[PDB]
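See below for the structure under consideration.
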DNA sequence: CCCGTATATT
DNA sequence: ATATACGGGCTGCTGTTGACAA
Ligand SMILES: Nc1ncnc2c1ncn2[C@@H]1O[C@H](COP(=O)(O)OP(=O)(O)OP(O)(O)=S)[C@@H](O)[C@H]1O
Ligand SMILES: Nc1ncnc2c1ncn2[C@@H]1O[C@H](COP(=O)(O)OP(=O)(O)OP(O)(O)=S)[C@@H](O)[C@H]1O
Ligand SMILES: Nc1ncnc2c1ncn2[C@@H]1O[C@H](COP(=O)(O)OP(=O)(O)OP(O)(O)=S)[C@@H](O)[C@H]1O
Ligand SMILES: Nc1ncnc2c1ncn2[C@@H]1O[C@H](COP(=O)(O)OP(=O)(O)OP(O)(O)=S)[C@@H](O)[C@H]1O
């Protein structure tokens, strides 16, 4: 985010006001169940959670007390984990520890449970967790439901196992449409000199998908590159997108084993720069499906879904990406000669 | 309390089914030629009970604690805790001057390779002061070196015919009124495991007061045979939506699971005449259905998919 | 409160317990006559003690006997918490209470104004063997001193695996043999010496024993003043010790081992 | 006393009814008395240890107690104490008449760590003028290359029917047990190579029956498993699911766990006479089914589905 | 305190369904011969509550320290703890009586939840533990899936399956709670809410509390329940089939992209599509193929796959079938 | 050093046996010549075992030293597929429709080759994945081989059952790579090629290590995997300076990949 | 496994 | 005219039990 023009009160919210009033009505009386917030990334769930905490308590939530903690595995091994947890509310992200998240959850939650008349314990990014950690978290959140409440935040509520999902409420936040994004961009820029013509804001909103964070970042980046805006000024793109575009262009011009080795090396280099395999698969599918126009389009989609399931079931990405690439190449070669 | 361990046999003559093995064991005892045993089989057949009855018959009541070792999965079984204690046990000159010693090794499929090699050496070295007895369920977790010196005995699954009289005796012992269909349904709902035929009786009798086919089927939840036959008849002949509605209403009325329905449908599919290929199709799809019901999915969609996989192949033919 | 016991010289109990300490757990036995702590190992070796009611000053028991299992290392550490080297003139007092089944053991210690409180939760019991060694079938018996075998049993820890004990009326009256990597080592003890109080062996007896089982007898031999050796027809070995305290009382410790 | 598997042990070297070449060479070497260090390998139940002990006894005679060393797996074989004791025994001098030497036997040497073997290989090339080694094992891949690089490797083989029958006849004649030809054939069939197993089975059958008729042998328990699966695989080769399921049902009703059956299926499938495509697909399906069974979902329906998938390949 | 923790069953005569288990517990209370227990079934039927109530009304709140232990999924269970601690507890002796003179049962209870998350090595020790010590201890295992438990563990325990609750019982209990808390319910809103809850007591209670706190104490209709639960509108869901029936791949992709943009969970979309499929005017073969594809997609989503690609695959298969 | 050549060992063994023969003493059967090269064939250039086997055999083959197969030789053996000309036998054939899967007879057992190299299966599969592309001439066979490799990968993705089933993966991968090569597998169709080509090492290790270290360098330093998946795109679209010295280098590291 | 080259020897 | 050696590519990415040097 930009973190400079972000509101800190349930009022004066640019979109999604009715659910805000419902949340205020719930928070104004205590007697809370556990909360689970979900929705597409870039919708602004964290702002809602922080404002709910601000309404529940006083103004003592605007302080930063970044803290470190070292705990021990059963044998000797040590885990260092950092929490932004300020007064009252505790915030943790048990994903920085790969397979120490279970013990992190156990120890930290059981220590804070004994430590309004209640606290909260945020657990950001509950998607990427194992199965035992969720079990322990569920049991400890059911046992001590008298002095601390849990507000989990995530997207794509499918990874969380049903017992947790059937143990708390579910609040959903959708993407903020298109016109609302252009309006908020226009007001945030007009607050700080110059302005955005309607066409430019609409183009930025369309090209920035549903994420207001990405739209704001792109607008600020374009503002530092050229001060006077025009009606035909493009937006800079990242270096991991043009690389994928070039790889997809080269993956269809020729179908030979040497080209396969070249694209395999390209995938290696792209993976080196910290891009997860899932985004690689999605971008490759978009670029490949840009021009199929036939039954091969559906076959490619089904094979890609198969390969995605394979990747999230296995433990080596390159095998599955190379297999999908080879199958697409063979299908395209067969279609071209017929 | 807890009938299953309240009526455990205390002698060799109060068992059933296997008779040749028991007579051979008695002959072994009479001639004092007891070899090392490797008793294996499926759960609930009478292995530990038989070995304990043999132990109680061999020794007196005041010697069972000073001449018998017992090692189970709840104890410690490594190398040092076997290399020391059992070597010293065979280094013990016998007290009471009568007979030899026994080391019962229950759940023998839990030790590691090194322990089993040391145990092979221990058992082979000195066959005059100790006689090991292994009891296992899987024969793939025992090293072949230790598998070639102990008399292998197989305890197969039990059969209803000789299984009935012990249940009759248990019923007579307490004050329980029993019927004919009740006994048959009680015996049938146990795949040779006697412990699943003695605990169901206690659970049922303490909830209603009398035992009958309907009583036990309501206590457990197993679908009836006529129910499965009606379901199959609805599958093979009628349409899609009508069959879906009928089985949905039947399952909603009496809450039924999906595993038992699949098992009974499998048996009935193999019992009817089919032209080969359709049978292969049904078996494959039903195996996939059963596998898919252990991850956390929804039962209604699985039932719909079972209906869909069963319908078309038979409807076309 | 079942049993409560108070004393002003912890050292007697501490040394009695240390004379038998080679396992980790122990079983107690409280009776109108006193306590009896026993320990067993390998289902062959068994060591027992005895602390009669004469030593105690405040001893109270209720109804029948009381049995419980206690960790020996923790108890021995707790008893000697004020330093195992007091100058002459300094003493420590202790009080212990056990309030029936399902509750821990209390221990309040005091010395010179310093007061300590500790608790030991007990999870009992185990089963003990029936090593009856009544003096009816005993064939060979001997009684002898300790300073003779201080170095002898100190010169007994090598890499061997079996210790041979032979006793006969003639020639090797009491001979110990140890076969190791280097060679044999005999330690013959004759009669009519300063450590031969009674020799009454009847028939020759040669036996083999395990070093691992018989090793922990060094602690009992060190804190002693006399040792009695007994062996029966079969070949079971019984060792009887005699320990004394500062006041001038006598307590006994017994060891039972079985031959190979 | 002892059972029949440990009481009828040969004391000489010509009672062994195993291989014919190595035993004769060992008898010649015992006659001469200049044996090098040897390493014996082979299936269990043959008599390797018996041969080694008989050779040592023949070599030494009355001085066996104070000139022989034997080490096992129950006895600790680390590095420190074992190397110390081995060097004591090698450096110690003893008197032997003409060509007899000191013998060190290490039974089941495959259990030793790399450090023990690497410390041992130095002592086995210097004191050769007064001592010699002899090793017995089951898996010969465990012993490192340098130790094998100076030893004579003798490899045994599974016993055939003729010698087994001859020694069984000798035992029967000794014990005066009325017999019958088909019963002895059945006992040999149940033996499957190993000999102590055959003797134990015969004793168990004779325990409380008094006859070795085939019906008595099968009644008193046992029965060999793999040959049933061998026919089942052939049946699924020809797309005969109906005939294939019968043997599976019989085995399941017999009381065998899914893992035990599925392992034998793979083991029999590897050493078979089929094509390449079929072998590949069969291995793939067996692997997937084994993963499913190991995950916990084991029943009759999974095995039936595996059979259906195997039969689908050939159509 | 939330309504879930306030109306927790404190007695056996508070569980609604499950007649056989409550009858067995009542008979074993004023008597003896209580066997081992193994509870399993779907969530929100009540398993911990029943055993906790039985333990509370068998011993008393003042006799819980030395009579019952509970080993949850937050206790770091392994082979060592099962070998030492459980054996040490089970090897103790029954203590005395309670303050108020009442008959007492001479045994203790060991409760362990989520036994399906343990390992086989610990389970072997556990199954051997409770055979020689069947005189003073009774074991109550609780699990969701029986398949994740070894055979000898489930071959010595009474298996009790907990059925998912019925409509009338849930409606009566919800009416009782609503009358207790003075909230005005509508006869149609409750009939819609019980359908939405798909047979969950805790979910229904939380839904009622969230609705009554949102409305403030006024009449609540079905529209509030749809918004709170999040049911996809039928007008939007008809568009998926309208696009898949004929047209092109681009329109299908755009429709699915908008649907996933709005944030709806794919499980609800699959559940609602299944209901429409089996009630339309379609041939049997097409219905069979679509149902099998739906089951496969549901399982793959349950195994942590992606959301966009699976919806695209299902919609492409539907497009292939509907144009044939 | 290198193993001794056959001629040198042959001449030395002949000299030794001649010396033994000239000793006379008795009528002893000289070992046959036909077994004398057999003795040297199964020893792999090692004098000491050859002399030991000669001594053993001359008492009146022996010396089967195990082979190690030199892993880079095993890879070539798998990847070259020495085939035969389909000698007339009774091997099963594909009846009617599998006419495109007919293959010539094979003279290698992949399981023994993989076992004898003394390597873990997950490493053998990685080496095969690295080195199998260059030997292929068609695309469809590459597709089939890639699918087989992926399926072999799937079977080992857990942790509790990773070592219970590992032979399946290696066997499937080896047989798939071997059988999928239909261009090479037609007996007398290997003329001519197979130039002087060296193998290589998998490149996945360095990439994985770089991924892990970059994971840590992204976490602990923007900790208030998802950061690399979501926050690191923002970092890639950040490109603005900040207050540090060692962090600008990291910013310029990820975001400067080569692109025209 | 693969191809081509420089030295001892008959 | 035939047997033998150089040249180029490898150390590498959660739990429960056991041995070694101090
Ligand atoms: N009502 C609002 N008015 C103006 N800007 C807003 C509003 N809500 C959110 N934003 C902006 O949205 C950005 C933050 O997005 P968030 O909604 O917090 O993403 P998020 O909630 O963190 O999602 P995840 O799950 O953490 S990736 C900042 O740039 C805020 O300024
Ligand atoms: N054939 C039988 N005859 C008599 N009682 C039996 C028989 N089978 C089972 N039982 C009873 O059922 C109880 C439970 O069976 P167990 O003998 O404990 O099972 P098991 O043979 O030990 O196999 P495990 O323990 O699952 S490996 C026994 O204690 C007996 O009381
Ligand atoms: N070749 C043989 N001739 C006669 N009896 C044999 C032979 N091989 C094995 N036996 C019998 O096997 C019994 C015990 O076998 P062992 O010789 O101890 O087995 P082993 O050679 O030590 O191999 P292991 O220890 O099982 S790997 C003896 O009592 C013999 O009766
Ligand atoms: N059968 C029932 N009878 C009465 N109230 C019930 C029943 N099931 C659930 N409830 C209500 O829902 C609450 C939650 O019940 P729990 O016992 O925590 O559920 P559970 O047994 O833990 O099942 P889980 O947690 O989903 S595995 C109880 O406190 C009751 O208010």
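Swiss-Prot numbering applies to chain D: residues 35-349, in that order.
Technique stated in the header: electron microscopy, 3.6 Å.
Backbone N, Cα and C atoms are what each Cβ position is placed from, and that goes for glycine too.
Other Cβ atoms within 10 Å of the Cβ of residue D:82 (ATP binding site) number 22 in total over all chains. Annotation note: residue D:82 (ATP binding site) sits in a helical segment as assigned by DSSP. Positions annotated as ATP binding site by Swiss-Prot, on the basis of sequence analysis: D:76, D:77, D:78, D:79, D:80, D:81, D:82, D:83.
As annotated by Swiss-Prot, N6-acetyllysine applies to D:163 (among others), with the evidence given as a large-scale study or a structure entry. Of all Cβ atoms in the protein chains displayed, 7 besides its own lie within 10 Å of the Cβ of residue D:163 (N6-acetyllysine). In the three-state DSSP classification, residue D:163 (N6-acetyllysine) falls within a helix.
The local packing around residue D:304 (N6-acetyllysine), expressed as other Cβ atoms within 10 Å of its Cβ over all shown chains, amounts to 14. The feature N6-acetyllysine is assigned by Swiss-Prot to D:304 (among others), with a large-scale study or a structure entry given as support.
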Please work out which residue of D:80, D:83 has the most C-beta neighbours within 10 angstroms of its C-beta, and give that one of the binding-site residues.
D:80
DSSP secondary structure for residue D:304 (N6-acetyllysine), reduced to helix/strand/coil, please.
helix
Sparsest-packed among the binding-site residues, when each Cβ's other Cβ atoms within 10 Å are tallied, from D:76, D:79, D:81:
D:76
Around the Cβ of residue D:78 (ATP binding site), how many other Cβ atoms lie within 10 Å? Please give the count over every shown protein chain.
19
Hey, how far is residue D:80 (ATP binding site) from residue D:304 (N6-acetyllysine), Cα to Cα, in Å?
26
Measuring Cα to Cα, how many angstrom lie between residue D:77 (ATP binding site) and residue D:163 (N6-acetyllysine)?
33
Quick one: which of the recorded positions (D:82, D:83, D:304) have their CB closer than 6 Å to ligand 3?
D:82, D:83
What's the CA to CA span in angstrom from residue D:83 (ATP binding site) over to residue D:163 (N6-acetyllysine)?
25
Protein Cβ atoms within 10 Å of residue D:77 (ATP binding site), excluding its own:
15
Should any of the recorded positions D:76, D:78, D:79, D:81, D:82, D:163 have a Cα within 10 Å of the Cα of residue D:304 (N6-acetyllysine), which are they?
none
Taking Cα atoms as reference points, which of the binding-site residues D:76, D:78, D:79, D:81, D:82 is nearest to residue D:163 (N6-acetyllysine)?
D:82
What subset of the binding-site residues D:78, D:80, D:81 has a Cβ positioned less than 8 Å from a Cβ of chain F?
none
Take the mean position of the Cβ atoms of D:76, D:77, D:78, D:79, D:80, D:81, D:82, D:83, the recorded ATP site. Which other residues of that chain put their Cβ within 8 Å of it?
D:52, D:190
Taking Cβ atoms only, which of the recorded positions D:78, D:79, D:81, D:82, D:83, D:304 fall under 8 Å from chain B?
D:78, D:79
